Every structure is written in structure tokens, then in C-alpha cells.
């Protein structure tokens, strides 16, 4: 199945968001990051992908389709808006095995709050 994640200047959760900011998918699902508002991209947060997963980094304003396979949690960011909170989490499968690695990482406050909220939304 394919899911869109919109890259927004503002959304349901306020300024500079991925919407949704949390999404649970199955292996083989795709997530298409939509540049609905200009100036955004999506990138995995280094240290926040599961064992053996490929990192990814899109271009600014690129419509970017990712196929998620390895189970676990994937922390994502928008590079230009990372520190002020434009982050999210894609979870592949149940009981993500890399959860503690993701939780333990340091981030700027606004990014951390949004990562933590996404992890909690996903039942972690």
C-alpha cells in the first residue's frame, strides 16, 4: 500500500510539520512525501534506522517515494527545518527492535518533543 506524508509549512500540529508525523506501515509499503508547501525535504536522521536499512535523503521540493522494508522505527527530518521541529517517525511492523537507539539520541528540543510525540502515538 502507498501512504502520502505531506510536507507542510503548518498543519494540525502547528508550524513546519510532516503530516502525519507518525505512521505505521508494513514491509513493502511505500510512503510518498509530497512537497505540498515549498522549501522542504525528507531525510533519515542518522542513527535512527533499523538494522540493515538504507538511509535516504530527498531533494528540496522533490515528490519522493520510499519503499520501507526492514522492520523497526525510522526517524525522519526535513533538513532545513530539523532543529525547529520538522521531524516524524515511520514504523515498519510491531515491537520495533531499534526503539531504544532512537529514543536515546539527542536532538534540539523542538525536534525531540515531536519525535517523542510520534513514538508515543505509535504505541511506544
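Positions refer to the first chain, counted from 1.
- Stretches 26-34 and 75-83 differ in mean CA B factor, with 75-83 having the higher one.
- For the pair 110-118 and 9-17, the mean Cα B-factor is higher in 9-17.
- Sorting the modelled residues of the chain by their CA temperature factor places residue 88 in the lowest third.
- Residue 60: CA B factor lies in the middle third for its chain, per the PDB record.
- When the CA B factors of the chain's modelled residues are split into thirds, the value for residue 42 lands in the lowest one.
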